[PDB]
Structures are given as structure tokens and as C-alpha cells.
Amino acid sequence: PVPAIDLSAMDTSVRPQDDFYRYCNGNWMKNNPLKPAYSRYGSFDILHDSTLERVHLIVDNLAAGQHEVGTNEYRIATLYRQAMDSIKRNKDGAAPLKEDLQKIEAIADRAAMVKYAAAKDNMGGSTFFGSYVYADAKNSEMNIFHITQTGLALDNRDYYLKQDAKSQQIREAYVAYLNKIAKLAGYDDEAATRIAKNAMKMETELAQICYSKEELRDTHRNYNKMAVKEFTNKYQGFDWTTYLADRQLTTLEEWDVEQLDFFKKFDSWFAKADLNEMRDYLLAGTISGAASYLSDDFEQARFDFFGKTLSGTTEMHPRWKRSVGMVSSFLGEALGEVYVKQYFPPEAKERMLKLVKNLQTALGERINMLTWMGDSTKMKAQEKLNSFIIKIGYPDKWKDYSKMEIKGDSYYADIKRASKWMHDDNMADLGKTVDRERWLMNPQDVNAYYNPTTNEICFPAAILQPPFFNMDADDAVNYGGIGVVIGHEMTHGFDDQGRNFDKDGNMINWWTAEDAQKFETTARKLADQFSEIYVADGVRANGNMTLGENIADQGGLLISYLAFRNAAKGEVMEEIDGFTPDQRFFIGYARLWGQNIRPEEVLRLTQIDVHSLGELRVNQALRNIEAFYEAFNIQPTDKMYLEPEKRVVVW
């Protein structure tokens, strides 16, 4: 019988009323200092790592055997062995990159830049901006074409623009990274520094006209469907008509310009930008995008910046972990099929479905018991909740990889073939009915998700294991673990983004203005509540960026606690390990989040992660949960206590 709670993780010298996070995790945290390759390590990573070890065996077994060309076993074995083949990768050096760089150097003028972007984007690139095919937000049954602002290497545009000393140091390390890899690619000292500085200048200019991370979360702002000619007739600084023609999209009548104001400013930036500076931007981007796929010196330069500088790590993960991760990103469902055959019991799928339906019923009750919302919006909320698509364990049909060509000539060349396959597979959806059954994660992912355009909640097999889902545990702990996860994904249907989408996945208003304003006032109170909290000295939590996840955590806690009480109706509350079932619910929840984390990684996740830090998902989120105050008799002098007027309950 797998224990329901690791009691040894707990630090019972801490009062649960003062620091519940360390009460439930503080001895695990003392006994598990971070290893050099980890920027953060906690319960999710434990389960991730043990799942990865299972996948490691699957992949190593395939790599040891013989397979026919054109099977998935051949594709997996060949990608993985090439990634693992440090002798060949180090022998080849930068040679696999040579022709790609020559193609960029040959771009003769601005017109040729446009055609180059179309050619690389036809391979899956994002030369100056992103583009993708997926459901129309306002017609979720039809696939349309979307364009999005420049993907930035540092992710948050603020890294490029903030004027303080620590931000300048990060920028200088990024430029040193580009200089290092340009030298490794064969440029002399002068050209490598020129390329690094020009690339950073171009990327900083693009970051300036990008939307902020918080602004990218605004649903209505980032949808702008229109006739193509309406935009391309007016904004001709970038020759969209030639670009679209070379992407074979001349007959495309409409598109979704997601960051419309970025593309209006991009019109002038592209028309006026120095050609040599743009070429250097393209060179640095191509080298950086190849740096995980060549010789050790490239991969270590990349680690020096993205690992050591940005995250505080001092070692790379072992090569097999990077290699399994790469294979899983291109052939993940082929691996997922083997994984579930070997490790996923059917009893888990059926027990999980009963659990999800119990949570759905509890959420129906929470919505019925709201009093801040009028009856008419409440009825639309129930309609949405009753139409969740539930996906558990694995997809009912597996992805067909048969057109993916893997040759084994070089790691980088096959990476490009795998990416081309994924790109062609995406473009093939254009103008076709949306496949609503598709999984956006693999069975072996230790995670779960909500998707607004299908109104689906999805629970991969790998997350249905202890400490989330433990078929031997008492109910209280399973509700505190996977039950809160389920309710968290459900609440995403009703957070500041998902509330905009209806039961069919369409971005259609189902709110009265008055109820929406009330939601927005209450949500802003939860945002400001978290932004009062310090994640490090002088650094506030970003309550705005994490607002959707904090709403979902709170919803998961309230829904799952209600479902747990429902399930306990007609039973007497037996203590276990000296804890009431109510206390075991909260301890089981807090045990999901115990982690150690490097100071650098605290700063990085505050800039890029919409999820709060694990410590705040326990110590801050629970301060709004009245049932938690009761379970541990929290008084006004306890450090966990929040004054009632400052508490906020959204749903």
C-alpha cells in the first residue's frame, strides 16, 4: 500500500497556522537540496523524473534493436541515437549549419528578405513573426490562419527594455551568448561581435513593438479576424502579397491578425530596417535555433546563458534526458502508446471518470450557490459546465506519423525534417473541420489542461499516480491532490480568459455587463492581493499575470473540498495519522507543491510563468479558503490569517 501522505516530508516543528507550506513540506525541503542540474525540484519533478525513467527504458529498448525504414520505432531510434551520439555531433561541429548560413548571407535586398521569410516559414520557421493554423475563436469548428508577434528569445519583452543594473547584466550575457555561438559557427572575432550586437539591436526593436506578456492574455484584444486584402492593401512596408504567394496562400481570403498593433508597427520597422542588421538578426536566430543540435560547444554556450545565467543551474541534465525530451516532442504519441500499454491500468481510467463527474457536480453546486451573479448569467454558466468534454489517460485514436522522413544523415538535418513534417501537418488543417478529439498533451506528460476552443479538460495517464491519484489512499487525500487538479482545470473554463468562451468553444459573450463588471472587480482584488506578496527581497509576485492560475487554484480547492464533503456524507470522520479528514485534504494539497527553487529561478518564473510559485499556491491561495481556517483553527494572531475583508472568493 503506497502511503497516502509522506509524513516524513512534514516539519511538525512549524505551526500549520503560521506556515502551512513548510508544515507540510519543510523536512522534505531540508532533506532534498537541489542537485546542480536543477533550478527547481519538488513533487511534480519527482513524478516527472520517474515517468521519464520509464520512457528512457522504452526508448533505449528501441535504440538497441533493428527496425525497418519508415516505422515509428525506426524514427524514434534514429532521432534518439543521433542525439546521444556525441562522437559524431562533435566531429561534425558546425558543418550541418553551413548551407543554412550561406542562404542567409546570399539575401541580396529587402525583396529577397521577404521571399526568404516565406521559404523558411514554409519549413516551420518563424522568421520575423509567427503563423499557425487552428480553430477560429468565433467559429470553433473551422480551422483558419493566424499571425502573431515575433517570438523573443528572452520571452518577456521587459528583458530587452528595463533599465536597471540587473536587467542590463542579463542582456550582456545574452549578447555574449550570441557572440560565442557566432564564433563557433565559423565567423571571425569581428564578425561574431558584429552579428551579436546587430541581432540584439534588431530583437530589442521588435520587443519594443511587441505586446507585453499581460496584454497577450486579453482575449478580445488578441483576436482580429479580417479580410487579408484589407490589411495587405494598406500595410505594404512588408510585402505581404509576395510572402503569402510564396507560402501558397494566394487564395486565402481571411486571417486572424492576433497582435494587430504589432503588425501595424512592424510595417514601418521592416520597411526602414538596415538590411545588414536584419541579415545578422537572421544569422543569430538560425545559429541559436541550431545550438541544441550540433557539437557540445554550442549546447554548452546555450546552457551557460539559459541555464546558469537565467536559472542558476551549474550543470546540464544528462544527455539521455535531453534526448528523450526531444524525441517526445516530435513522436510523443508513439511513445505514449507504448507507455500506456505498459503502465496504465484500466481501473485507473474508470475510477478517474467517476471522480471527474463528482467534481463536475460539485462545481454545479458552487455555481448554484453564487449570490453575486444574476440568474440569467448563472444559467449560461451551468450550460457551459454541463458540456465539458472529458479526456482521460490517452486519446482514442493515435497520431499518424507515416509521412515523417527520418534519414539518419545528421541530428540537425533530421530535426529539420521532423519540424517540416509537423509544419505540413498543421498547414493541412487549413479550411478543414476542427479535429476536437486531438490531444494537446501526451499520455506520459505529468500535467493536465483546459482548452477553451473545445471546452475540454484533459488528464494524461502520467498524472494519475501518487501523490495526485493513489488508489490506496483515503478519499480526503485523493480529493486534495488529483481532485484539486481536476477542479483547477474546470475553473479555467471560468477564469478571466475562459469565461469569454461558450459551451461550444466559441468566443461569444454569455455575460450581462453588470455580472462581467462584478467578476472583473473581484478578479482585480485577487490580482492585487497576490501582488502584495514578496517572492524575494524587493520583488513582488505578479498578481496580474498569474490571475488566471490563482482563480483556477482557488476554484479547484473549493470545488474539490465540496466534492470531498459530498463523498463523506453518511460516514464518521476517522482520524488517520492524528489528522481529521479535513486536515488530510489540505495536507494532501500542500504536498503537491513542496519544492526547492534557486533564487535566479524565482526571478525567471516571476517574469515568464503564469503559475504562482508553489510556496504561494499553498501559503497565499489558502488564505481565501474558509474551510482551511476551520480545519486548523486559524486565529487573528496566526501568520496565515488574512483579515476577512481582505479575503476574496471568485467562484
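In this text, residue numbers run from 1 along the sequence as written.
Set 550-558 against 536-544 and average the Cα temperature factors; 536-544 ends up higher. Two stretches are in play, 610-618 and 29-37, and the higher mean C-alpha B-factor belongs to 29-37.
Residues shown: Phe129, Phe519, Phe501, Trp398. Highest C-alpha temperature factor in the entry: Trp398. Per the PDB record, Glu347 has a higher Cα B-factor than any other of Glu299, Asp414, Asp445, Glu347.
Among all modelled residues in its chain, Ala108 ranks in the highest third by Cα B-factor. In this PDB entry, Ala64 carries a Cα temperature factor that places it within the highest third of its chain's modelled residues. Remark: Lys380 belongs to the lowest third of its chain, ranked by C-alpha B-factor as recorded. Per the deposited record, the Cα B-factor of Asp280 falls in the middle third when ranked against the other modelled residues of its chain. In this PDB entry, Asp261 carries a Cα temperature factor that places it within the middle third of its chain's modelled residues.
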